[PDB]
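Below is the file structure_14.cif, which contains mmCIF, C-alpha atoms and all ligand atoms.
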data_start
#
loop_
_atom_site.label_atom_id
_atom_site.label_comp_id
_atom_site.auth_asym_id
_atom_site.auth_seq_id
_atom_site.Cartn_x
_atom_site.Cartn_y
_atom_site.Cartn_z
CA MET A 1 94.75 91.76 93.82
CA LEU A 2 97.11 94.81 93.80
CA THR A 3 96.23 98.05 95.52
CA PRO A 4 95.37 100.98 93.22
CA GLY A 5 98.47 102.92 92.18
CA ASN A 6 100.61 99.86 92.83
CA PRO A 7 102.26 101.15 96.03
CA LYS A 8 105.15 98.84 96.97
CA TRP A 9 108.14 98.80 99.27
CA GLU A 10 111.36 99.77 97.51
CA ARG A 11 113.48 97.54 99.77
CA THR A 12 112.82 93.93 100.66
CA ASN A 13 114.25 93.77 104.17
CA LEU A 14 111.65 95.52 106.31
CA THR A 15 111.50 96.00 110.01
CA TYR A 16 108.48 95.65 112.27
CA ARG A 17 107.67 96.50 115.88
CA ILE A 18 104.89 95.30 118.17
CA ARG A 19 104.10 98.46 120.10
CA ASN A 20 101.62 97.04 122.61
CA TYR A 21 99.76 93.85 123.39
CA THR A 22 96.32 92.40 124.02
CA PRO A 23 95.78 90.96 127.52
CA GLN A 24 93.89 87.96 126.25
CA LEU A 25 96.94 86.21 124.90
CA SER A 26 100.36 86.03 126.49
CA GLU A 27 103.03 88.31 125.08
CA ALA A 28 104.75 85.24 123.59
CA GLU A 29 101.51 84.19 121.91
CA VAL A 30 101.08 87.59 120.30
CA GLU A 31 104.72 87.65 119.17
CA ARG A 32 104.34 84.18 117.64
CA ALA A 33 101.11 85.05 115.81
CA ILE A 34 102.79 88.09 114.27
CA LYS A 35 106.08 86.30 113.44
CA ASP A 36 104.25 83.48 111.73
CA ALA A 37 101.96 85.91 109.85
CA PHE A 38 105.01 87.65 108.36
CA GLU A 39 106.71 84.33 107.52
CA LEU A 40 103.74 83.31 105.38
CA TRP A 41 104.58 86.15 103.02
CA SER A 42 108.35 85.82 103.34
CA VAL A 43 108.37 82.20 102.08
CA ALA A 44 106.54 83.22 98.87
CA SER A 45 108.66 86.30 98.07
CA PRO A 46 112.11 87.88 98.57
CA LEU A 47 110.84 89.84 101.60
CA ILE A 48 112.68 89.44 104.91
CA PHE A 49 111.18 90.78 108.12
CA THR A 50 113.26 91.91 111.07
CA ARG A 51 111.65 92.52 114.43
CA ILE A 52 112.94 95.41 116.51
CA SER A 53 112.06 95.87 120.20
CA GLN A 54 112.13 99.69 120.31
CA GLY A 55 112.66 102.66 117.94
CA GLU A 56 111.25 103.31 114.52
CA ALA A 57 110.17 100.36 112.33
CA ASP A 58 108.66 100.23 108.79
CA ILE A 59 105.64 98.32 110.04
CA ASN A 60 104.25 99.32 113.42
CA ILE A 61 101.77 96.90 114.99
CA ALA A 62 99.41 97.94 117.76
CA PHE A 63 96.12 97.20 119.47
CA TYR A 64 93.85 100.26 119.83
CA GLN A 65 90.26 101.02 120.84
CA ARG A 66 87.84 103.38 119.08
CA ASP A 67 89.55 106.68 118.12
CA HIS A 68 93.32 106.18 117.90
CA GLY A 69 94.84 109.07 116.02
CA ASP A 70 94.45 108.09 112.33
CA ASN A 71 90.89 109.22 111.55
CA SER A 72 89.70 105.60 111.07
CA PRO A 73 88.25 104.73 114.48
CA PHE A 74 87.61 101.19 115.50
CA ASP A 75 84.06 100.19 116.37
CA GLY A 76 84.08 97.97 119.46
CA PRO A 77 83.46 94.25 119.52
CA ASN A 78 82.98 92.54 116.14
CA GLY A 79 82.53 94.53 112.91
CA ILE A 80 85.91 95.83 111.77
CA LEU A 81 88.67 93.74 113.31
CA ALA A 82 91.82 95.49 112.15
CA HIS A 83 93.13 97.65 109.34
CA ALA A 84 96.42 98.43 107.66
CA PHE A 85 98.01 101.09 105.47
CA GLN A 86 99.56 100.62 102.06
CA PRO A 87 103.34 100.74 101.66
CA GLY A 88 104.90 104.15 102.29
CA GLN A 89 106.63 106.29 104.91
CA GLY A 90 105.26 107.06 108.34
CA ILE A 91 101.86 105.42 108.88
CA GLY A 92 102.37 103.53 105.62
CA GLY A 93 102.58 99.82 106.22
CA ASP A 94 101.32 100.03 109.75
CA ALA A 95 98.74 97.55 111.03
CA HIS A 96 96.25 98.26 113.83
CA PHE A 97 94.05 95.69 115.60
CA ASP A 98 90.82 96.49 117.44
CA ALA A 99 91.68 96.06 121.11
CA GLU A 100 88.03 95.34 121.94
CA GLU A 101 87.95 92.03 120.08
CA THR A 102 88.35 88.60 121.48
CA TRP A 103 91.77 87.60 120.13
CA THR A 104 92.69 83.95 120.07
CA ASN A 105 95.10 81.34 118.87
CA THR A 106 92.28 78.85 118.43
CA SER A 107 89.28 78.32 116.16
CA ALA A 108 87.23 80.78 118.23
CA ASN A 109 86.64 84.20 116.78
CA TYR A 110 89.13 86.03 116.19
CA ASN A 111 92.35 84.18 115.43
CA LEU A 112 95.05 86.83 115.65
CA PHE A 113 97.53 85.03 113.35
CA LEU A 114 94.98 84.86 110.53
CA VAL A 115 93.85 88.45 110.90
CA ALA A 116 97.45 89.66 111.09
CA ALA A 117 98.38 87.62 108.02
CA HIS A 118 95.56 89.29 106.07
CA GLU A 119 96.52 92.75 107.34
CA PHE A 120 100.15 92.29 106.33
CA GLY A 121 98.98 91.60 102.79
CA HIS A 122 97.63 95.15 102.86
CA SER A 123 100.86 96.42 104.48
CA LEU A 124 102.76 94.91 101.51
CA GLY A 125 100.50 96.33 98.82
CA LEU A 126 97.83 93.73 98.12
CA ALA A 127 94.18 94.65 97.75
CA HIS A 128 91.20 92.46 98.42
CA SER A 129 90.69 89.40 96.28
CA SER A 130 87.32 88.13 94.94
CA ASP A 131 88.53 84.50 95.36
CA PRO A 132 86.72 83.19 98.40
CA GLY A 133 89.67 80.87 99.07
CA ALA A 134 92.18 83.68 99.30
CA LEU A 135 93.65 85.05 102.51
CA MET A 136 92.97 88.51 101.00
CA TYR A 137 89.25 87.79 100.64
CA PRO A 138 87.34 90.58 102.50
CA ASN A 139 85.57 88.40 105.04
CA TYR A 140 87.17 86.61 108.01
CA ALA A 141 86.91 82.86 108.35
CA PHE A 142 88.87 80.37 110.39
CA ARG A 143 91.13 77.87 108.66
CA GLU A 144 93.47 75.37 110.32
CA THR A 145 96.56 77.24 111.50
CA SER A 146 98.97 74.51 112.63
CA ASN A 147 100.65 74.07 109.26
CA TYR A 148 99.22 77.05 107.42
CA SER A 149 100.64 78.31 104.19
CA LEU A 150 99.52 81.06 101.83
CA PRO A 151 96.64 80.17 99.51
CA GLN A 152 97.64 80.13 95.86
CA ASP A 153 95.84 83.37 95.00
CA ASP A 154 97.88 85.24 97.60
CA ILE A 155 101.13 83.72 96.37
CA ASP A 156 100.19 84.94 92.90
CA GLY A 157 99.48 88.39 94.29
CA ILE A 158 102.70 88.83 96.29
CA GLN A 159 104.73 87.45 93.35
CA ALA A 160 103.10 89.96 91.01
CA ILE A 161 104.44 92.80 93.18
CA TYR A 162 107.83 91.53 94.44
CA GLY A 163 108.77 88.40 92.50
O1 LIG B 1 89.94 94.26 105.38
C1 LIG B 1 90.38 94.78 106.43
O2 LIG B 1 91.61 94.82 106.65
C2 LIG B 1 89.42 95.47 107.32
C3 LIG B 1 89.17 96.87 106.74
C4 LIG B 1 88.35 96.86 105.46
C5 LIG B 1 88.57 97.85 104.51
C6 LIG B 1 87.83 97.82 103.33
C7 LIG B 1 86.88 96.82 103.12
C8 LIG B 1 86.68 95.80 104.05
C9 LIG B 1 87.44 95.83 105.22
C10 LIG B 1 87.24 94.74 106.24
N1 LIG B 1 88.04 94.83 107.42
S1 LIG B 1 87.91 93.64 108.53
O3 LIG B 1 88.59 94.08 109.72
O4 LIG B 1 86.53 93.34 108.62
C11 LIG B 1 88.72 92.17 107.98
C12 LIG B 1 89.93 91.78 108.52
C13 LIG B 1 90.52 90.57 108.20
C14 LIG B 1 89.84 89.70 107.35
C15 LIG B 1 90.39 88.40 107.02
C16 LIG B 1 90.09 87.70 105.85
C17 LIG B 1 90.53 86.40 105.64
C18 LIG B 1 91.28 85.77 106.63
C19 LIG B 1 91.55 86.44 107.81
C20 LIG B 1 91.10 87.75 108.03
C21 LIG B 1 88.64 90.13 106.78
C22 LIG B 1 88.07 91.36 107.08
CA CA B 2 105.19 102.67 108.74
CA CA B 3 85.61 95.87 115.98
ZN ZN B 4 94.18 102.72 112.82
ZN ZN B 5 91.36 93.50 104.21
#
Structure encoded using structure tokens:
Amino acid sequence: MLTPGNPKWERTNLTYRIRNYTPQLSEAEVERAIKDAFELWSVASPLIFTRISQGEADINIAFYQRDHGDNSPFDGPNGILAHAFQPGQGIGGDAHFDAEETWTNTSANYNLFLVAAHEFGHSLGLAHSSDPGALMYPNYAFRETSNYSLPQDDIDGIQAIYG
């Protein structure tokens, strides 16, 4: 469950910024998905996330298509959904979402809140889990989102890094 080399944030109050949006959800819907994805991790750790509207943030969030500057191009509809970088300066921590997906707040593929929640595990230093019940499992699946809380394996993982 931890990324190789154990990269972790040295501070526990991190900022984030949503750089752009996906047209398929309202702006408020995207903001809510992201807010709630961060809160999943915050309630199981000492981490506090502060949104900023402009300027430089620890965790940049953006929707991109195909080639987007980081040498890991997205691939169009389906396939890779999103990716994120391990804790560190600059691109470290940042989370990118494939702009060519269908992004939802429903049970229809792909629920943005769930994908974001998984990606922020990477942004915080977690690796993939082998535990098919974990949020950090390597394959997407819908789960009910209305009252969602971190699966136990992911609590264990974030606790192992940050207490
Ligand atoms: O893992 C990633 O971040 C990226 C990049 C990567 C790198 C190395 C190995 C596999 C993958 C798979 N992809 S992905 O886009 O296909 C993906 C995204 C989210 C979820 C997920 C799981 C559970 C709940 C909700 C979402 C699963 C897979
Ligand atoms: Ca960053
Ligand atoms: Ca894709
Ligand atoms: Zn990228
Ligand atoms: Zn992943």
Give me the residues of chain A that have any atom at most 8 Å from an atom of ligand CA 3 (chain B); for each, the nearest atom pair and the distance in Å, rounded to one decimal. Use all atoms listed in the file, sort by chain and number, and format it as CSV.
residue,atom,partner,partner_atom,distance
A:74,CA,B:CA3,CA,5.7
A:75,CA,B:CA3,CA,4.6
A:76,CA,B:CA3,CA,4.3
A:77,CA,B:CA3,CA,4.4
A:78,CA,B:CA3,CA,4.2
A:79,CA,B:CA3,CA,4.6
A:80,CA,B:CA3,CA,4.2
A:81,CA,B:CA3,CA,4.6
A:82,CA,B:CA3,CA,7.3
A:98,CA,B:CA3,CA,5.4
A:99,CA,B:CA3,CA,7.9
A:100,CA,B:CA3,CA,6.5
A:101,CA,B:CA3,CA,6.1
Ranking A:57, A:62, A:150, A:161 by minimum distance to ligand CA 2 (chain B) and counting all atoms listed in the file, which one comes first? A:57
Pick from A:86, A:114, A:143, A:103 nearest to residue A:23, counting only C-alpha atoms: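 Looking at the shortest contact to residue A:23, the residue is A:103.
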Environment of ligand CA 2 (chain B) within 10 Å, counting all atoms listed in the file, reported as an MDAnalysis selection string: chainID A and resid 14:17 56:61 84:95 123
May I have the selected residues written with C-alpha atoms, as a PDB file, in the coordinates of the input?
ATOM      1  CA  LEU A  14     111.650  95.520 106.310  1.00  0.00           C
ATOM      2  CA  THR A  15     111.500  96.000 110.010  1.00  0.00           C
ATOM      3  CA  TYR A  16     108.480  95.650 112.270  1.00  0.00           C
ATOM      4  CA  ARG A  17     107.670  96.500 115.880  1.00  0.00           C
ATOM      5  CA  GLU A  56     111.250 103.310 114.520  1.00  0.00           C
ATOM      6  CA  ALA A  57     110.170 100.360 112.330  1.00  0.00           C
ATOM      7  CA  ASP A  58     108.660 100.230 108.790  1.00  0.00           C
ATOM      8  CA  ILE A  59     105.640  98.320 110.040  1.00  0.00           C
ATOM      9  CA  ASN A  60     104.250  99.320 113.420  1.00  0.00           C
ATOM     10  CA  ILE A  61     101.770  96.900 114.990  1.00  0.00           C
ATOM     11  CA  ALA A  84      96.420  98.430 107.660  1.00  0.00           C
ATOM     12  CA  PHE A  85      98.010 101.090 105.470  1.00  0.00           C
ATOM     13  CA  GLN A  86      99.560 100.620 102.060  1.00  0.00           C
ATOM     14  CA  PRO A  87     103.340 100.740 101.660  1.00  0.00           C
ATOM     15  CA  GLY A  88     104.900 104.150 102.290  1.00  0.00           C
ATOM     16  CA  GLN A  89     106.630 106.290 104.910  1.00  0.00           C
ATOM     17  CA  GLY A  90     105.260 107.060 108.340  1.00  0.00           C
ATOM     18  CA  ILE A  91     101.860 105.420 108.880  1.00  0.00           C
ATOM     19  CA  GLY A  92     102.370 103.530 105.620  1.00  0.00           C
ATOM     20  CA  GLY A  93     102.580  99.820 106.220  1.00  0.00           C
ATOM     21  CA  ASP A  94     101.320 100.030 109.750  1.00  0.00           C
ATOM     22  CA  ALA A  95      98.740  97.550 111.030  1.00  0.00           C
ATOM     23  CA  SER A 123     100.860  96.420 104.480  1.00  0.00           C
TER      24      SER A 123
END
Test item: residues at most 12 Å from residue A:148, only C-alpha atoms, excluding those fewer than 5 positions along its chain, as a list in words: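 Residues meeting the cut-off are residues 33, 36, 37, 39, 40, 41, 43, 113, 114, 117, 135, 142 and 143 of chain A.
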How would the residues just picked look written out with C-alpha atoms as a PDB file, in the frame of the given file?
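For reference, part_27.pdb as written:
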ATOM      1  CA  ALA A  33     101.110  85.050 115.810  1.00  0.00           C
ATOM      2  CA  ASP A  36     104.250  83.480 111.730  1.00  0.00           C
ATOM      3  CA  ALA A  37     101.960  85.910 109.850  1.00  0.00           C
ATOM      4  CA  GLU A  39     106.710  84.330 107.520  1.00  0.00           C
ATOM      5  CA  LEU A  40     103.740  83.310 105.380  1.00  0.00           C
ATOM      6  CA  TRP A  41     104.580  86.150 103.020  1.00  0.00           C
ATOM      7  CA  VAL A  43     108.370  82.200 102.080  1.00  0.00           C
ATOM      8  CA  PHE A 113      97.530  85.030 113.350  1.00  0.00           C
ATOM      9  CA  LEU A 114      94.980  84.860 110.530  1.00  0.00           C
ATOM     10  CA  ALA A 117      98.380  87.620 108.020  1.00  0.00           C
ATOM     11  CA  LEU A 135      93.650  85.050 102.510  1.00  0.00           C
ATOM     12  CA  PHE A 142      88.870  80.370 110.390  1.00  0.00           C
ATOM     13  CA  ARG A 143      91.130  77.870 108.660  1.00  0.00           C
TER      14      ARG A 143
END
Selected residue, from A:55, A:69, A:133, A:46, that lies nearest to residue A:11 when counting only C-alpha atoms: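 Checking each candidate against residue A:11, we get A:46 as the closest.
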Quick one: everything within 12 Å of residue A:42, counting only C-alpha atoms, minus sequence neighbours fewer than 4 positions away in the same chain. Send it as a short mmCIF file (atom, residue, chain, number, x, y, z; two decimals) with C-alpha atoms, in the frame of the given file.
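Produced file result-v4.cif, reproduced below:
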data_model
loop_
_atom_site.label_atom_id
_atom_site.label_comp_id
_atom_site.auth_asym_id
_atom_site.auth_seq_id
_atom_site.Cartn_x
_atom_site.Cartn_y
_atom_site.Cartn_z
CA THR A 12 112.82 93.93 100.66
CA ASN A 13 114.25 93.77 104.17
CA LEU A 14 111.65 95.52 106.31
CA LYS A 35 106.08 86.30 113.44
CA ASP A 36 104.25 83.48 111.73
CA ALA A 37 101.96 85.91 109.85
CA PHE A 38 105.01 87.65 108.36
CA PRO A 46 112.11 87.88 98.57
CA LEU A 47 110.84 89.84 101.60
CA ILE A 48 112.68 89.44 104.91
CA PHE A 49 111.18 90.78 108.12
CA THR A 50 113.26 91.91 111.07
CA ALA A 117 98.38 87.62 108.02
CA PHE A 120 100.15 92.29 106.33
CA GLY A 121 98.98 91.60 102.79
CA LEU A 124 102.76 94.91 101.51
CA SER A 149 100.64 78.31 104.19
CA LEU A 150 99.52 81.06 101.83
CA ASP A 154 97.88 85.24 97.60
CA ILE A 155 101.13 83.72 96.37
CA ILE A 158 102.70 88.83 96.29
CA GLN A 159 104.73 87.45 93.35
CA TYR A 162 107.83 91.53 94.44
CA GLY A 163 108.77 88.40 92.50
#
May I ask you to write as a VMD selection string all residues lying at most 9 Å from ligand ZN 5 (chain B), with only C-alpha atoms and all ligand atoms counted? chain A and resid 82 to 84 115 118 to 119 121 to 122 126 to 129 135 to 140
Generate the output file for the selected residues, C-alpha atoms, as a PDB file, keeping the file's coordinate frame.
ATOM      1  CA  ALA A  82      91.820  95.490 112.150  1.00  0.00           C
ATOM      2  CA  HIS A  83      93.130  97.650 109.340  1.00  0.00           C
ATOM      3  CA  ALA A  84      96.420  98.430 107.660  1.00  0.00           C
ATOM      4  CA  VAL A 115      93.850  88.450 110.900  1.00  0.00           C
ATOM      5  CA  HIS A 118      95.560  89.290 106.070  1.00  0.00           C
ATOM      6  CA  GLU A 119      96.520  92.750 107.340  1.00  0.00           C
ATOM      7  CA  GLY A 121      98.980  91.600 102.790  1.00  0.00           C
ATOM      8  CA  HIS A 122      97.630  95.150 102.860  1.00  0.00           C
ATOM      9  CA  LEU A 126      97.830  93.730  98.120  1.00  0.00           C
ATOM     10  CA  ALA A 127      94.180  94.650  97.750  1.00  0.00           C
ATOM     11  CA  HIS A 128      91.200  92.460  98.420  1.00  0.00           C
ATOM     12  CA  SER A 129      90.690  89.400  96.280  1.00  0.00           C
ATOM     13  CA  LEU A 135      93.650  85.050 102.510  1.00  0.00           C
ATOM     14  CA  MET A 136      92.970  88.510 101.000  1.00  0.00           C
ATOM     15  CA  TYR A 137      89.250  87.790 100.640  1.00  0.00           C
ATOM     16  CA  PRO A 138      87.340  90.580 102.500  1.00  0.00           C
ATOM     17  CA  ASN A 139      85.570  88.400 105.040  1.00  0.00           C
ATOM     18  CA  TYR A 140      87.170  86.610 108.010  1.00  0.00           C
TER      19      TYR A 140
END
Determine, using all atoms listed in the file, which residues of chain A have any atom at most 7 Å from an atom of ligand ZN 4 (chain B), and tabulate each with its shortest atom pair and distance in Å to one decimal place, rows ordered by chain and then rising number, as JSON lines.
{"residue": "A:68", "atom": "CA", "partner": "B:ZN4", "partner_atom": "ZN", "distance": 6.2}
{"residue": "A:70", "atom": "CA", "partner": "B:ZN4", "partner_atom": "ZN", "distance": 5.4}
{"residue": "A:72", "atom": "CA", "partner": "B:ZN4", "partner_atom": "ZN", "distance": 5.6}
{"residue": "A:73", "atom": "CA", "partner": "B:ZN4", "partner_atom": "ZN", "distance": 6.5}
{"residue": "A:83", "atom": "CA", "partner": "B:ZN4", "partner_atom": "ZN", "distance": 6.2}
{"residue": "A:96", "atom": "CA", "partner": "B:ZN4", "partner_atom": "ZN", "distance": 5.0}
Centre and size of axis-aligned box enclosing ligand LIG 1 (chain B) plus 4 Å each side, as lines of an AutoDock Vina configuration file:
center_x = 89.1
center_y = 91.8
center_z = 106.4
size_x = 13.1
size_y = 20.1
size_z = 14.6
So the first atom is atom CA of residue A:27 and the second is atom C7 of ligand LIG 1 (chain B); what is the distance between them in Å, to one decimal place?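 These atoms are spaced 28.6 Å apart.
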Counting all atoms listed in the file, figure out which residue out of A:157, A:125, A:5, A:132 gets nearest to ligand LIG 1 (chain B).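 Checking each of A:157, A:125, A:5, A:132 against ligand LIG 1 (chain B), counting all atoms listed in the file, the winner is A:132.
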Give me, as JSON, numbers by chain, all polymer residues having an atom no more than 8 Å from residue A:112, counting all atoms listed in the file and skipping those fewer than 4 positions away in the same chain. {"A": [30, 33, 34, 103, 104, 105, 116]}
